[PDB]
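Below is one structure, written out as structure tokens, with a few remarks after it.
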Amino acid sequence: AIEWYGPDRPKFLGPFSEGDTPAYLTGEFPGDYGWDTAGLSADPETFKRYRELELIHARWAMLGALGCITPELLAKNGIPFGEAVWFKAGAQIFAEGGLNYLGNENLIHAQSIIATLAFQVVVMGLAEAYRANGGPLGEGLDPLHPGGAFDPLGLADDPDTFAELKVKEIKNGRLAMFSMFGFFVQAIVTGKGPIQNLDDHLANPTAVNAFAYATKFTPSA
Amino acid sequence: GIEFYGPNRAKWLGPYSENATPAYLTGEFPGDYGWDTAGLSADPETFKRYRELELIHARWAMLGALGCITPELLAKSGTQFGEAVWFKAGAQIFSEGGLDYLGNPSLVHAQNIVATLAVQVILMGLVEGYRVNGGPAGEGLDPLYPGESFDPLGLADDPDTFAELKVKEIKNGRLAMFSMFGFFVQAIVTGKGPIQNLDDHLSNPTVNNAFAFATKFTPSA
Amino acid sequence: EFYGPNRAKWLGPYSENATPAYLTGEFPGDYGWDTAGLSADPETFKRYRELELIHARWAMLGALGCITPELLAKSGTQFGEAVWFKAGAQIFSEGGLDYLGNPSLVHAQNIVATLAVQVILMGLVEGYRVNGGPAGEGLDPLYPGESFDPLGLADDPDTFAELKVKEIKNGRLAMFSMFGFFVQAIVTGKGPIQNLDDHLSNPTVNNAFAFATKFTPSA
Amino acid sequence: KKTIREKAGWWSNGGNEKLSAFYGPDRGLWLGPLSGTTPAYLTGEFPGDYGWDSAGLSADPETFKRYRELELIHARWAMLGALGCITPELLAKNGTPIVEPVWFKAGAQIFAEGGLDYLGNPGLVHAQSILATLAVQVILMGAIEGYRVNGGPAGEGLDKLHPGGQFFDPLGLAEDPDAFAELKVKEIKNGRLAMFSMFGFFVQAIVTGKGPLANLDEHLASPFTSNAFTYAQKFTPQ
Ligand code: CHL
Ligand code: CHL
Ligand code: CHL
Ligand code: CHL
Ligand code: CLA
Ligand SMILES: CC1=C[C@H](O)CC(C)(C)[C@H]1/C=C/C(C)=C/C=C/C(C)=C/C=C/C=C(C)/C=C/C=C(C)/C=C/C1=C(C)C[C@H](O)CC1(C)C
Ligand SMILES: CC1=C[C@H](O)CC(C)(C)[C@H]1/C=C/C(C)=C/C=C/C(C)=C/C=C/C=C(C)/C=C/C=C(C)/C=C/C1=C(C)C[C@H](O)CC1(C)C
């Protein structure tokens with residue numbers, strides 16, 4: 001069981017996964033568990049673009065799953081900055097003094113969403129287009145894992161643990177995408193923060209769960 | 001008569017469909033009307049996975065349409081249920097007195113939705129891992145039409161009419177899938193049961209059609 | 001010692017002819033005690049070895065599961081009912097079966113559902129003992145390995161056989177202790193560490209001979 | 001391949017796989033699919049072979065045939081017991097005036113005033129003395145149980161467990177070979193069920209002290225309060 005590659009590997013149905021795992025999923029990629037029940041990635045070009053899209057979704061979801069928990073995690077310590085939930089965090093731009101980073105007034109404290117939006121558009125278009133094509137840190141390399149200045153700490157060498165950390169990255173990333181979809185729907189249905197949902201679940205699990213909010217979206221008409 | 005296999009068969013545009021059918025839909029599979037105008041199943045393994053998805057969707061939608069029609073018909077005939085309408089039949093577990101199956105308190109009397117969901121997760125994971133791999137009701141079998149434990153009445157024998165029964169299964173399954181989508185959208189925009197909407201459309205069909213609810217989800221508010 | 005014809009035996013220095021010829025020192029704890037000849041046939045010997053080791057491990061698990069609520073009653077958590085021959089009555093109480101005296105940890109109410117879940121898990125894990133399963137497949141039915149040894153202490157075969165004889169000796173001592181718990185629960189009526197507290201209070205009166213009279217018929 | 005009426009088993013002429021599930025290696029076992037290593041001496045040629053010799057007491061074949069004898073004799077005795085334990089209670093709930101219809105107190109009926117009324121009637125048996133009853137029992141049973149092992153007036157050289165001559169198969173159900181081999185495993189399965197139920201009768205009489213049909217009615221009235229666990233506190237050591 002100590003492998004994430006080869007023909008025999010950990011799979012998404014466990015011991016129920018011999019009749020699954022078709023011929024074009026061979027375990028040659030980080031995170032192959034034989035889950036292609038829909039059959040979306042038969043073509044290896046389609047499979048390559050889906051793997052790239054999945055891994056950049058993994059990176060942005062690992063960024064997001066921590067950036068949504070840290071405002072409520074510093075509201076746990078008692079640092080007050082406007083609002084601690086993530087899905088009502090943008091409106092602090094439109095506050096009486098603007099969105100503050102850590103609440104202390106000598107910090108970022110920007111007020112106009114349109115100017116920082118334009119700055120985000122230009123530098124993120126430049127950075128992501130350098131990610132797709134190439135720029136001043138590597139022109140033609142892997143579209144998945146460039147390295148170079150992306151590994152200043154030297155974890156890209158010794159390629160077996162590079163593959164092992166690739167599987168670790170895609171596993172934590174898939175857990176982060178699952179967590180971020182759960183964050184989205186806990187924001188939609190409950191309307192409170194996810195750490196607040198954790199406090200309400202730890203305070204009373206048996207009556208306050210998702211089935212408590214099961215009758216919310218019932219169409220009355 | 002009209003056939004459903006071969007080079008000429010029943011097609012999706014009817015008589016205006018001899019140029020319309022794609023090349024890969026040669027008609028060896030049940031329910032091949034040649035409707036792949038978006039080209040989702042041009043690869044044959046994507047087509048195989050989509051056939052499995054369509055047939056399992058078809059069987060679950062047939063069960064779901066029968067279960068959406070059944071307690072409403074029994075309520076309009078004789079039987080006082082807990083909540084016979086299907087999109088409010090879930091919250092009967094929160095009716096403070098149990099979930100009576102046929103309305104009688106001598107029946108299953110369920111009060112805990114977490115245990116009900118948990119035994120459903122256990123039994124459904126077992127049965128679907130049996131469906132994709134094998135188990136006590138057949139090990140090496142067809143993943144979509146196993147037989148010899150799901151045909152105790154022997155209707156898959158004489159395979160020339162087993163092909164006709166495959167086409168009948170996929171056609172009632174596609175009609176039930178369409179009807180389940182109609183059940184969903186009718187539940188969203190009418191708030192009453194499908195049989196209550198049927199009684200409404202049978203009372204006054206000129207204004208109990210869909211266009212009376214056309215201004216309901218208006219973009220102004 | 002502990003294996004071969006020159007091993008530790010059940011009579012010791014007086015154990016050169018009473019040991020049977022078919023109890024040759026290859027199996028753990030073969031002290032040569034078959035004074036009724038019940039394991040003369042090799043299939044009887046193998047089945048009785050299986051019964052002995054399974055009874056051994058069930059007895060040591062039962063010994064710790066019986067005495068550890070008594071040691072925690074010494075430690076300070078009260079329990080639903082610390083006494084092991086009155087421990088089944090926690091689920092008959094009003095508050096239910098709290099595990100460590102915590103009402104929000106187990107809080108079991110239905111003894112019939114406890115028995116149902118217990119038999120549904122235990123029949124499966126006892127039938128998996130016979131012919132493999134998710135843990136193993138076709139190993140030694142007495143010493144499986146490879147899924148129940150996450151640390152894997154069965155590497156060196158000499159130390160493996162040493163741990164085997166240590167296990168079966170602790171197991172014979174454990175079935176001895178559980179038989180003692182059984183027959184000193186029924187004659188005293190107090191818990192076993194509580195009987196230890198009686199025997200340490202005064203060692204010459206709090207013996208088994210204080211209660212050696214109570215089972216006379218007397219019409 | 002096979003049509004619907006053959007799957008239901010309409011035709012009892014073409015049934016040759018009936019003994020395949022109770023004899024031979026492809027038979028049902030004790031833990032079902034969770035019993036892989038069948039004991040190699042329990043090859044399934046005898047009725048009731050579910051591959052169960054976990055304590056290993058029947059490895060030797062002579063001990064195995066003596067245990068088969070003991071099993072069938074205990075099976076038939078427990079079958080007669082479990083029929084003869086409930087039927088006084090069934091006929092008392094009918095309305096026939098049996099004065100102590102529970103089986104664990106029926107032996108004390110012979111110490112009453114009017115002796116042992118059989119069906120509650122003095123026109124019946126009306127046995128007074130326990131001594132002459134046990135004397136004619138030990139004489140009759142000595143004759144019968146001594147005829148059992150080495151033959152007698154109802155068969156001499158017949159089988160020690162299944163004689164089946166003109167006295168022990170008078171109706172002639174076991175004339176066919178396959179029917180006899182099927183009713184053998186039917187007999188031993190009903191006998192193991194009745195042995196288990198007679199052990200249940202013993203333990204139920206010990207820890208409850210009421211009738212088995214009274215126990216059935218007290219479980220039918222309250223299943224969840226009046227189970228075996230409400231009497232689990234009856235042997236607590238004080
Ligand atoms: C791309 C990631 C991203 C996400 C997920 C959000 C999320 C949100 N922003 Mg937002 N923003 C994001 C980027 C940015 N925002 C802003 C500036 C603001 C402002 C000023 C405000 C918001 C507000 C909001 C919230 C609207 C409340 C609502 O309608 O709840 C319903 C929605 C949910 C509960 C989440 C459901 C998830 C969604 C349906 C699926 C996610 C997939 C997306 C469709 C794809 C993302 C878009 C792509 C193309 C980039 C919403 C949760 C408002 C707010 O917080 O006040 C209430 C607000 O005032 N944002 C900037 C400029 C710096 C961004 C640039 O990166
Ligand atoms: C997967 C199929 C499935 C469907 C279609 C439904 C349907 C529903 N359940 Mg239900 N359930 C389903 C599974 C289960 N439910 C329950 C137990 C409950 C309870 C306790 C309750 C519900 C309630 C509801 C209703 C939510 C009210 C609403 O938002 O209406 C608006 C939406 C619709 C009318 C249509 C929604 C369908 C969706 C948009 C499209 C279909 C996509 C699939 C659902 C996703 C696929 C699922 C996958 C993971 C298998 C909704 C009609 C609530 C209710 O009825 O109370 C009034 C409620 O209290 N369900 C269990 C555990 C036994 C399930 C396990 O399988
Ligand atoms: C050299 C002297 C020596 C002798 C004579 C024995 C003999 C014995 N060893 Mg031992 N050993 C000896 C040295 C050694 N042994 C061992 C290794 C072992 C092991 C591993 C084991 C033994 C065991 C035994 C016992 C087995 C016989 C038995 O069960 O008792 C039968 C006789 C009695 C039970 C009589 C009891 C005395 C008293 C009369 C009881 C009171 C009766 C009640 C009042 C009546 C009950 C009343 C009613 C209500 C029922 C017995 C005490 C076994 C054991 O512990 O079994 C219990 C065992 O497992 N020996 C070693 C290491 C090499 C030794 C070193 O020299
Ligand atoms: C695959 C699942 C499966 C399981 C789990 C079992 C289980 C069993 N079958 Mg089997 N079977 C199974 C499949 C099949 N069986 C059979 C046909 C048969 C037959 C004919 C027989 C069995 C018997 C048995 C038992 C043999 C072992 C035993 O005696 O345990 C004994 C130990 C326990 C049951 C555990 C102890 C009970 C309790 C949980 C613990 C104690 C509780 C108390 C509270 C303790 C307190 C007491 C104190 C006072 C001391 C065992 C219970 C035999 C039997 O019925 O024996 C009783 C038997 O004659 N099976 C068929 C048809 C081919 C099967 C098909 O799949
Ligand atoms: C949008 C994100 C995304 C994308 C593009 C992919 C893409 C891929 N995954 Mg990954 N995966 C994801 C999210 C994603 N996955 C998440 C969140 C999990 C954890 C649950 C996994 C777990 C996972 C495993 C275990 C494996 C893959 C594999 C694969 C490959 C083949 C499967 C396929 O065709 O998927 C195509 C997927 C998409 C086109 C995304 C469609 C998104 C739709 C809208 C989701 C709809 C479902 C539902 C509405 C939302 C979730 C419901 C519920 C689960 C909460 C492919 C590269 C397999 C592989 O080959 O390894 C590399 C494999 O073994 N993935
Ligand atoms: C062909 C083609 C071609 C081209 O190329 C492209 C395109 C266009 C894309 C395509 C198309 C497609 C389509 C049409 C789709 C659709 C689908 C559906 C509708 C499904 C359903 C599906 C559906 C389904 C399954 C359903 C199911 C159901 C169920 C189970 C139910 C259940 C229930 C009931 C009983 C009642 C209760 O009280 C509750 C509940 C729980 C609710
Ligand atoms: C198989 C195996 C295997 C493994 O390996 C091992 C082991 C475990 C060891 C084994 C097991 C075994 C067992 C289970 C046994 C059991 C038995 C029984 C229970 C019997 C009964 C048994 C039972 C019996 C006989 C019973 C009988 C009965 C009789 C006579 C009669 C009675 C009566 C009646 C009518 C009533 C009246 O009023 C009186 C009287 C007189 C009282």
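Naming works like this for the structure tokens: A, B, ... for the chains as they're shown, residue 1 at the start of each chain, ligands 1 onward in shown order.
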
Counting only C-alpha atoms and all ligand atoms, which residues in chain A sit no more than 8 Å from ligand 5? For each one, give the nearest pair of atoms and the distance in Å, sorted by chain then residue number, as JSON lines.
```
{"residue": "A:11", "atom": "CA", "partner": "ligand 5", "partner_atom_place_in_ligand_line": "64 (O)", "distance": 7.0}
{"residue": "A:12", "atom": "CA", "partner": "ligand 5", "partner_atom_place_in_ligand_line": "25 (C)", "distance": 5.7}
{"residue": "A:25", "atom": "CA", "partner": "ligand 5", "partner_atom_place_in_ligand_line": "60 (O)", "distance": 5.8}
{"residue": "A:27", "atom": "CA", "partner": "ligand 5", "partner_atom_place_in_ligand_line": "60 (O)", "distance": 7.4}
{"residue": "A:29", "atom": "CA", "partner": "ligand 5", "partner_atom_place_in_ligand_line": "62 (C)", "distance": 5.7}
{"residue": "A:30", "atom": "CA", "partner": "ligand 5", "partner_atom_place_in_ligand_line": "62 (C)", "distance": 5.9}
{"residue": "A:31", "atom": "CA", "partner": "ligand 5", "partner_atom_place_in_ligand_line": "61 (O)", "distance": 4.6}
{"residue": "A:32", "atom": "CA", "partner": "ligand 5", "partner_atom_place_in_ligand_line": "64 (O)", "distance": 3.3}
{"residue": "A:33", "atom": "CA", "partner": "ligand 5", "partner_atom_place_in_ligand_line": "64 (O)", "distance": 3.2}
{"residue": "A:34", "atom": "CA", "partner": "ligand 5", "partner_atom_place_in_ligand_line": "64 (O)", "distance": 4.4}
{"residue": "A:35", "atom": "CA", "partner": "ligand 5", "partner_atom_place_in_ligand_line": "63 (C)", "distance": 4.6}
{"residue": "A:36", "atom": "CA", "partner": "ligand 5", "partner_atom_place_in_ligand_line": "32 (C)", "distance": 4.5}
{"residue": "A:37", "atom": "CA", "partner": "ligand 5", "partner_atom_place_in_ligand_line": "32 (C)", "distance": 7.7}
{"residue": "A:38", "atom": "CA", "partner": "ligand 5", "partner_atom_place_in_ligand_line": "34 (O)", "distance": 6.6}
{"residue": "A:39", "atom": "CA", "partner": "ligand 5", "partner_atom_place_in_ligand_line": "34 (O)", "distance": 5.8}
{"residue": "A:40", "atom": "CA", "partner": "ligand 5", "partner_atom_place_in_ligand_line": "34 (O)", "distance": 4.0}
{"residue": "A:41", "atom": "CA", "partner": "ligand 5", "partner_atom_place_in_ligand_line": "34 (O)", "distance": 4.6}
{"residue": "A:42", "atom": "CA", "partner": "ligand 5", "partner_atom_place_in_ligand_line": "34 (O)", "distance": 8.0}
{"residue": "A:47", "atom": "CA", "partner": "ligand 5", "partner_atom_place_in_ligand_line": "57 (C)", "distance": 5.5}
{"residue": "A:48", "atom": "CA", "partner": "ligand 5", "partner_atom_place_in_ligand_line": "57 (C)", "distance": 6.9}
{"residue": "A:49", "atom": "CA", "partner": "ligand 5", "partner_atom_place_in_ligand_line": "57 (C)", "distance": 7.5}
{"residue": "A:50", "atom": "CA", "partner": "ligand 5", "partner_atom_place_in_ligand_line": "57 (C)", "distance": 4.3}
{"residue": "A:51", "atom": "CA", "partner": "ligand 5", "partner_atom_place_in_ligand_line": "57 (C)", "distance": 3.8}
{"residue": "A:52", "atom": "CA", "partner": "ligand 5", "partner_atom_place_in_ligand_line": "57 (C)", "distance": 7.4}
{"residue": "A:53", "atom": "CA", "partner": "ligand 5", "partner_atom_place_in_ligand_line": "5 (C)", "distance": 5.2}
{"residue": "A:54", "atom": "CA", "partner": "ligand 5", "partner_atom_place_in_ligand_line": "4 (C)", "distance": 4.0}
{"residue": "A:55", "atom": "CA", "partner": "ligand 5", "partner_atom_place_in_ligand_line": "4 (C)", "distance": 7.7}
{"residue": "A:57", "atom": "CA", "partner": "ligand 5", "partner_atom_place_in_ligand_line": "2 (C)", "distance": 6.1}
{"residue": "A:58", "atom": "CA", "partner": "ligand 5", "partner_atom_place_in_ligand_line": "2 (C)", "distance": 7.7}
{"residue": "A:171", "atom": "CA", "partner": "ligand 5", "partner_atom_place_in_ligand_line": "22 (C)", "distance": 7.8}
{"residue": "A:173", "atom": "CA", "partner": "ligand 5", "partner_atom_place_in_ligand_line": "17 (C)", "distance": 7.8}
{"residue": "A:174", "atom": "CA", "partner": "ligand 5", "partner_atom_place_in_ligand_line": "19 (C)", "distance": 4.5}
{"residue": "A:175", "atom": "CA", "partner": "ligand 5", "partner_atom_place_in_ligand_line": "19 (C)", "distance": 6.0}
{"residue": "A:176", "atom": "CA", "partner": "ligand 5", "partner_atom_place_in_ligand_line": "17 (C)", "distance": 7.5}
{"residue": "A:177", "atom": "CA", "partner": "ligand 5", "partner_atom_place_in_ligand_line": "17 (C)", "distance": 4.7}
{"residue": "A:178", "atom": "CA", "partner": "ligand 5", "partner_atom_place_in_ligand_line": "17 (C)", "distance": 4.8}
{"residue": "A:181", "atom": "CA", "partner": "ligand 5", "partner_atom_place_in_ligand_line": "55 (C)", "distance": 6.7}
{"residue": "A:182", "atom": "CA", "partner": "ligand 5", "partner_atom_place_in_ligand_line": "55 (C)", "distance": 7.0}
```

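Selecting chain C residues within 12 Å of chain A and counting only C-alpha atoms yields residues 104, 133, 134, 135, 146 and 147 of chain C.
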
Residues of the last selection are to be written out with C-alpha atoms, as an mmCIF file, in the first residue's frame.
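Output below, filename result-v1.cif:
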```
data_model
loop_
_atom_site.group_PDB
_atom_site.id
_atom_site.type_symbol
_atom_site.label_atom_id
_atom_site.label_comp_id
_atom_site.auth_asym_id
_atom_site.auth_seq_id
_atom_site.Cartn_x
_atom_site.Cartn_y
_atom_site.Cartn_z
ATOM 1 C CA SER C 104 -22.200 13.300 26.700
ATOM 2 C CA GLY C 133 -10.950 -10.837 4.758
ATOM 3 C CA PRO C 134 -10.049 -7.151 4.649
ATOM 4 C CA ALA C 135 -7.328 -7.611 7.261
ATOM 5 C CA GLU C 146 0.630 -8.106 8.506
ATOM 6 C CA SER C 147 -2.510 -6.139 9.445
#
```

Practice prompt. Using only C-alpha atoms and all ligand atoms, find each residue with an atom at most 8 Å away from ligand 2 and format the answer as a PyMOL selection string.
Written response: (chain A and resi 211-219) or (chain B and resi 86-94+113-114+116-117+120-121+181+183-188)

Using only C-alpha atoms and all ligand atoms, find each residue in chain C having at least one atom no more than 12 Å away from ligand 7; report its shortest atom-to-atom pair and that distance in Å (one decimal), rows by chain then rising number, as CSV.
```
residue,atom,partner,partner_atom_place_in_ligand_line,distance
C:43,CA,ligand 7,5 (O),11.9
C:44,CA,ligand 7,5 (O),10.6
C:47,CA,ligand 7,5 (O),9.0
C:48,CA,ligand 7,5 (O),10.6
C:50,CA,ligand 7,5 (O),11.8
C:51,CA,ligand 7,5 (O),10.4
```

Worksheet item: Could you pull the residues within 10 Å of segment 74-76 of chain B, counting only C-alpha atoms, minus those fewer than 4 positions along the same chain, as a list in words?
Response: residues 69, 70, 80, 81, 82, 83, 84, 85, 102, 103, 195 and 196 of chain B

Let me see the file: selected residues, C-alpha atoms, as a tab-separated table (two decimals), in the first residue's frame.
```tsv
chain	number	residue	atom	x	y	z
B	69	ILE	CA	-46.66	9.64	-7.60
B	70	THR	CA	-47.43	6.82	-5.12
B	80	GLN	CA	-53.79	9.95	5.61
B	81	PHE	CA	-49.99	10.13	5.45
B	82	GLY	CA	-47.65	12.36	7.39
B	83	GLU	CA	-46.90	14.52	4.35
B	84	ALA	CA	-47.73	12.82	1.06
B	85	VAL	CA	-46.29	15.58	-1.14
B	102	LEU	CA	-48.45	4.05	5.34
B	103	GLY	CA	-49.78	6.59	7.86
B	195	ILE	CA	-50.83	15.57	-8.72
B	196	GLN	CA	-52.03	18.83	-7.16
```

So that each row is one residue of chain C with an atom at most 8 Å from ligand 4, can you give its shortest atom pair and the distance in Å to one decimal, using only C-alpha atoms and all ligand atoms, rows by chain and rising number, as JSON lines?
```
{"residue": "C:115", "atom": "CA", "partner": "ligand 4", "partner_atom_place_in_ligand_line": "39 (C)", "distance": 6.7}
{"residue": "C:118", "atom": "CA", "partner": "ligand 4", "partner_atom_place_in_ligand_line": "39 (C)", "distance": 7.0}
{"residue": "C:119", "atom": "CA", "partner": "ligand 4", "partner_atom_place_in_ligand_line": "39 (C)", "distance": 5.4}
{"residue": "C:120", "atom": "CA", "partner": "ligand 4", "partner_atom_place_in_ligand_line": "5 (C)", "distance": 7.7}
{"residue": "C:122", "atom": "CA", "partner": "ligand 4", "partner_atom_place_in_ligand_line": "5 (C)", "distance": 7.7}
{"residue": "C:123", "atom": "CA", "partner": "ligand 4", "partner_atom_place_in_ligand_line": "5 (C)", "distance": 3.9}
{"residue": "C:124", "atom": "CA", "partner": "ligand 4", "partner_atom_place_in_ligand_line": "5 (C)", "distance": 5.7}
{"residue": "C:126", "atom": "CA", "partner": "ligand 4", "partner_atom_place_in_ligand_line": "5 (C)", "distance": 7.2}
{"residue": "C:127", "atom": "CA", "partner": "ligand 4", "partner_atom_place_in_ligand_line": "5 (C)", "distance": 6.0}
```

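In this structure, atom CA of residue 128 of chain A sits 14.0 Å away from atom CA of residue 145 of chain A.
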
Can you work out which residues are within 10 Å of ligand 1, considering only C-alpha atoms and all ligand atoms, and then hand them over as a compact mmCIF listing (two decimals) with C-alpha atoms, in the first residue's frame?
```txt
# COMPACT_ATOMS: atom_id res chain seq x y z
CA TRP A 60 -6.28 28.21 -5.06
CA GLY A 64 -8.87 29.80 0.12
CA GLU A 83 -16.41 41.41 10.24
CA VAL A 85 -16.82 35.87 8.10
CA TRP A 86 -15.45 35.54 4.58
CA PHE A 87 -18.68 35.78 2.59
CA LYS A 88 -19.55 39.17 4.08
CA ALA A 89 -15.92 40.37 4.14
CA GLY A 90 -15.95 42.40 0.92
CA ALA A 91 -18.49 44.96 2.20
CA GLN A 92 -15.87 46.20 4.68
CA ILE A 93 -14.47 48.03 1.64
CA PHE A 94 -17.66 50.11 1.83
CA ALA A 95 -17.38 50.78 5.57
CA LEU A 99 -11.36 47.57 5.10
CA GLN A 111 -11.12 52.36 0.48
CA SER A 112 -11.71 52.19 -3.29
CA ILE A 113 -12.56 48.76 -4.68
CA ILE A 114 -12.22 49.91 -8.31
CA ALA A 115 -8.59 51.09 -8.12
CA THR A 116 -7.34 47.96 -6.34
CA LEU A 117 -9.55 45.99 -8.75
CA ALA A 118 -7.73 47.53 -11.73
CA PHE A 119 -4.38 46.82 -10.06
CA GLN A 120 -5.47 43.21 -9.46
CA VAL A 121 -6.59 42.84 -13.09
CA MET A 124 -2.95 39.01 -12.20
CA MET A 180 -14.36 25.15 -0.08
CA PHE A 181 -17.51 23.78 -1.70
CA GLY A 182 -18.67 22.96 1.83
CA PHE A 183 -17.79 26.54 2.82
CA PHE A 184 -19.84 27.89 -0.11
CA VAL A 185 -22.93 25.87 0.74
CA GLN A 186 -22.62 26.47 4.50
CA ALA A 187 -22.60 30.15 3.60
CA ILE A 188 -25.61 29.68 1.29
CA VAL A 189 -27.88 27.52 3.45
CA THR A 190 -26.95 28.50 7.00
CA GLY A 191 -25.89 32.10 6.38
CA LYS A 192 -23.26 32.08 9.14
```

Fill in: 8 Å contacts from chain C to chain D using only C-alpha atoms, as a list in words
residues 41, 43, 44, 47, 48, 51, 85, 86, 89, 111, 112, 127, 128, 130, 131, 185, 186, 187, 188, 189 and 190 of chain C

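Between atom CA of residue 60 of chain B and atom CA of residue 165 of chain B lies a distance of 17.2 Å.
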